[PDB]
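Here the structure is laid out as structure tokens; the discussion comes afterwards.
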Protein chains: 4
Amino acid sequence: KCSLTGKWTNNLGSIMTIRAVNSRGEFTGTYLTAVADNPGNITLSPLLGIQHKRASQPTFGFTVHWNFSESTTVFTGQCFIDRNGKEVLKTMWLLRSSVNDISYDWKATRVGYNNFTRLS
Amino acid sequence: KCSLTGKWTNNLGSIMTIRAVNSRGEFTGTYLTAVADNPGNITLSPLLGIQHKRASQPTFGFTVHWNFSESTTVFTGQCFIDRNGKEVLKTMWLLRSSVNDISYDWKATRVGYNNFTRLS
Amino acid sequence: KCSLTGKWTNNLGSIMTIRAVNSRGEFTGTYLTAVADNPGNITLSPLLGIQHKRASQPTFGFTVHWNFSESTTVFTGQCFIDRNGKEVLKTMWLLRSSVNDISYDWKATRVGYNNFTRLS
Amino acid sequence: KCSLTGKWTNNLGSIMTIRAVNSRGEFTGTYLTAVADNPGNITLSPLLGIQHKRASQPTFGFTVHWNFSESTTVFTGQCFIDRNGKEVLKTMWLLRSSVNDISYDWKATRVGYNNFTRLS
Ligand SMILES: O=C(CCCC[C@@H]1SC[C@@H]2NC(=O)N[C@@H]21)Nc1ccc([N+](=O)[O-])cc1
Ligand SMILES: O=C(CCCC[C@@H]1SC[C@@H]2NC(=O)N[C@@H]21)Nc1ccc([N+](=O)[O-])cc1
Ligand SMILES: O=C(CCCC[C@@H]1SC[C@@H]2NC(=O)N[C@@H]21)Nc1ccc([N+](=O)[O-])cc1
Ligand SMILES: O=C(CCCC[C@@H]1SC[C@@H]2NC(=O)N[C@@H]21)Nc1ccc([N+](=O)[O-])cc1
């Protein structure tokens with residue numbers, strides 16, 4: 001089985017820590033991004049998400065509320081377990097910027113990927 | 001101030017209810033999609049997310065754990081208020097499918113938009 | 001049959017003209033965006049793409065080389081015809097910004113939608 | 001400088017060959033995908049795109065018209081040259097499926113990434 005609980009790093013060097021996954025698949029945690037628009041402002045930020053529970057290789061999503069920005073990121077992906085028991089989270093994300101009004105909405109959403117592996 | 005608590009519909013005819021937003025910006029709710037890969041299977045599905053609290057037009061994210069599929073969707077966006085006090089959630093989403101192993105990961109993520117308005 | 005040759009406008013107020021589609025489905029055209037990072041700089045910009053030829057409601061893609069920015073946008077979508085013969089291009093786009101080096105790549109891609117209808 | 005002309009492979013094993021880039025930045029080529037929904041049907045497929053010309057690390061876009069599917073992919077990205085002169089294309093893509101009518105449009109667009117390096 002693949003549970004999101006534990007510490008992970010991604011290909012950009014970011015670290016996240018996920019706490020216990022409850023029987024609904026809900027989890028909370030923290031996210032320390034390695035990069036930001038203004039990296040001098042980065043602080044540890046909370047995340048909240050849901051994974052599927054029954055599946056051995058569950059899909060999941062989570063939201064990161066950046067504590068140093070008005071932006072928000074969502075990640076979604078799947079936890080894969082390989083033939084040696086190694087786990088990888090394959091994810092894609094949307095990063096929503098805050099803009100002043102709806103005329104700027106078109107430019108407010110970035111997209112990308114991240115691959116996560118366990119810290120230990 | 002643009003509020004997320006309440007009942008919403010989107011341009012595809014889906015509806016969602018969002019409960020009280022706590023001091024950390026966290027909220028739960030229930031999502032009824034109007035469309036699915038297998039629409040005969042649609043059931044009500046829980047959502048869990050975070051919005052920014054201070055901002056008048058906050059960004060936010062949430063995860064929908066589909067209760068009838070192995071897939072997961074994440075939505076992110078911003079709540080805008082126009083001159084007459086009418087709210088719109090401008091959102092983008094990623095829909096993650098479950099695939100068998102990492103070699104199929106490339107085809108597992110769909111993207112789209114949704115605009116939500118308040119029900120009555 | 002849903003045709004791409006002609007003049008189109010989208011939900012942001014941008015317009016484009018598309019020239020004759022050749023036997024391989026290839027087409028050129030000119031794009032006038034209604035919005036930009038620096039809207040004072042907007043100039044007409046060339047587009048180049050390919051549609052499917054046989055299909056009545058073809059999928060297609062095109063690239064817009066912005067003539068006033070180092071960025072590039074790609075659009076992909078499908079041309080639909082309703083019961084009355086009215087056409088709509090349902091599209092999604094990626095907008096690539098120029099960044100200084102690969103360590104900034106994560107923030108360089110924006111995503112969004114556009115719906116196009118025929119001008120008159 | 002970074003010109004797209006030449007042969008490239010990506011992280012999925014796909015190969016593309018780009019021909020001469022003209023003075024407008026337009027280029028054509030072919031794309032042999034390693035993966036598809038129906039890999040038994042894969043055939044070499046044409047691409048058409050535009051890069052920026054003046055920039056040492058240009059952004060670009062291209063469209064692949066799959067010759068074995070009704071789908072279309074667009075790629076956009078940037079060519080980076082590192083301190084040793086090695087080139088990498090960092091890209092993201094949208095893959096548009098053909099659906100029967102507009103009621104299915106919501107599920108028709110996949111998103112992903114690819115990193116390309118030169119074959120030789
Ligand atoms: O910088 C931010 C907040 C931090 C985002 C980190 C992103 S989350 C996707 C990716 N994966 C990671 O591990 N880290 C990155 N937001 C922001 C950036 C730029 C602008 N802007 O206006 O340019 C506005 C908000
Ligand atoms: O059908 C599903 C689950 C329901 C997804 C509804 C989407 S969420 C984005 C959009 N906005 C809405 O309000 N509703 C739609 N998932 C799914 C679909 C197709 C496949 N597939 O393999 O084709 C696998 C899983
Ligand atoms: O402004 C630009 C170039 C023009 C892009 C217009 C976009 S194409 C998707 C959408 N549909 C339209 O019809 N028009 C918009 N690029 C740009 C924007 C912002 C930044 N930035 O750094 O913030 C860099 C480059
Ligand atoms: O399979 C296809 C056509 C080939 C797409 C190859 C993609 S392009 C992005 C990525 N990078 C690569 O180098 N290769 C992959 N299209 C398709 C797939 C599935 C469905 N479907 O309905 O499930 C419809 C069309």
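Inter-chain Cβ neighbour count for C:64-72, averaged per residue, equals 5 (cutoff 10 Å, partner chain atoms only).
Each listed q (0.09, 0.23 Å⁻¹) maps to a log10 I(q)/I(0) for chain B, found by the Debye formula over equal Cα scatterers with no solvent: -0.26, -1.40. Charged neighbours of B:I50, selected by a Cβ distance under 9 Å, balance to 0 (K, R count +1; D, E count -1).
The listed peptides B:33-43, A:67-77, ordered by packing as a protection proxy, come out as A:67-77, B:33-43 (highest mean of other Cβ atoms within 10 Å first). Of interest is the spacing of the C-alpha centroids, which for region D:1-46 and region C:35-93 amounts to 21 Å. Summing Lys and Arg as +1 and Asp and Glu as -1 over all other residues whose Cβ lies under 10 Å from the Cβ of D:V88 gives a net charge of 0. Computed from point charges on the beta carbon alone (+1 for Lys and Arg, -1 for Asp and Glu), the dipole magnitude for region A:52-120 about its Cα centre is near 400 Debye. The gain in end-to-end length when the D:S3 to D:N67 segment is fully stretched comes to 20.5 nm, 0.36 nm per residue minus the alpha carbon separation. Kindly flag which residue pairs out of B:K1/D:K107; C:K7/D:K107; C:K53/C:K90; B:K90/C:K90; B:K90/C:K107; B:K90/D:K107 have an alpha-carbon separation exceeding 23 Å in this structure. In this structure, B:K1/D:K107; C:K7/D:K107 lie more than 23 Å apart at Cα.
Mean sequence separation of contacting Cα pairs (under 8 Å, at least six apart), scaled by the length of chain A, corresponds to a relative contact order of 22 percent. Nearest-to-axis residue in chain D, judged by Cβ distance to the rotation axis that brings D onto B and given in whole Å, is D:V111, 2.
The mean number of Cβ atoms from other chains found within 10 Å of a Cβ in peptide C:47-58 is 5, as a whole number. Shape analysis of the protein assembly as shown based on the Cα gyration tensor places the equivalent ellipsoid semi-axes at 33, 26, 23 Å, largest first.
Averaged over the residues of peptide B:24-32, the number of Cβ atoms from other protein chains lying within 10 Å of each residue's Cβ is 2.
Think of chain B as a dipole: +1 on every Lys or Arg Cβ, -1 on every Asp or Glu Cβ, centred on the Cα centre; then among B:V64, B:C79, B:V35, B:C79 lies furthest on the positive end. Inter-copy label distances at D:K1, shortest first and taken from points set 7 Å along Cα to Cβ: 4.1, 5.8, 5.9 nm.
In this analysis, Cβ positions are derived from the backbone assuming ideal geometry, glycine residues included, and neighbour counts consider all displayed protein chains. Any read-out appearing in this document is the output of simple, stated calculations on the displayed coordinates, not a laboratory observation.
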